[PDB]
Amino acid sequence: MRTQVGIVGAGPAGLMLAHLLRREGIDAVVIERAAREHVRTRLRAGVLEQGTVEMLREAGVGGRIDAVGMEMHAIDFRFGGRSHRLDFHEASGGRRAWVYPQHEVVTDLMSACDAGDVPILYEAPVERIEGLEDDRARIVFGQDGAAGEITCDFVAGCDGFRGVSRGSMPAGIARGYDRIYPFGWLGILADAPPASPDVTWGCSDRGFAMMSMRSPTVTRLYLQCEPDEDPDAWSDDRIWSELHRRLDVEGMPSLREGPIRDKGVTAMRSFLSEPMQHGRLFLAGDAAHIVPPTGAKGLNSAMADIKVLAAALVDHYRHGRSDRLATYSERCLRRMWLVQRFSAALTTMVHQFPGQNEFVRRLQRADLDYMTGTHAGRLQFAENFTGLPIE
């Protein structure tokens, strides 16, 4: 009930922070609203930036990703009826990404926290965060009709976009930047080995599509769809038909069809909240900012926030310096606004906007041509996709 850092949310951001604080001897308690089996079994794809992989390695939780993490070097941007394999490994001078599912990361982080005796309260939704300028902050929650409270020097808000920590900021201090895109992603799993080994984007004018490897025998496929789209309106035949039209090009093998599983719709939205700290409250991850998943930046941005947050807390407790805590939001926001810039730039380029001005629509092809066909375009994509530096 008394700790140094109270961590709201046992997602990737919260578990990584608790793991980093434990190895530094800083005490922390994680409070999660969902059941432990629900957090682990929440499946989601995962493209990790190199900085994220190095962060997991150096924290002693990179053994499994170094064992089976699939190194990723290129994206096949398909448009104009042709392939455009952008080798961002070459274009970034040796930096790359790793295909490693997010549910594997949390499983690795949950194992590290469990092995480290990190207290994690599950099925205990936080109801209030108070005392942000008091001697100690108070995390009010309830487990099963019984209310609880964690007292802590600092509250790390790692409770995601729909958590409570962002709303716990003072109203006169918080400011939001919100943009919802007029489309969603229809995601499926296909029981068929992928056609090509590269992550493949269909960026033609019939709509956005994406093809990636979920496993050696399962393909992950996305289709741009209406924002409020019912997955029942998409039969298997319609899905494969639209997937063929948006992805197939001459000179490349046709799409591998198979039984479709796990049909779902995900939203597309850019949101950022300022500041990311006030008093004893520090926001990180989706609690402070979300991006359209086009650039695979959300989890990597969360890990970047935690990297800065963990170091600042170590400087406070271990070295008696509070200036790094005071610059947490400042440094995280600089990187995150460039991440927001990159995720939006990809989203507005590869998706079809209903009723969009025809000149702006044609600029999408012009942006695709320049990004893939010029050294400057390939350079900017490579450095952003593999991960911007962390301050």
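The first residue of the sequence shown is number 1, and the count goes up from there.
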| property | result |
| --- | --- |
| 142-150 versus 208-216 - which carries the larger mean C-alpha B factor in the record | 142-150 |
| Selected stretch [higher average CA B-factor]: 58-66 or 336-344 | 58-66 |
| Most elevated Cα B-factor in the entry, residues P227, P292, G157, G176 | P227 |
| Top Cα B factor in the deposited entry, candidates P182, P101, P275, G285 | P101 |
| B-factor third for the C-alpha atom of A310 within its chain | lowest |
| Among modelled residues of the same chain, the CA temperature factor third for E358 | highest |
| Third of chain Cα B-factors occupied by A137 | middle |
| Where the record places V39 (Cα B-factor, split into thirds across the chain) | highest |
| B-factor third for the C-alpha atom of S196 within its chain | highest |
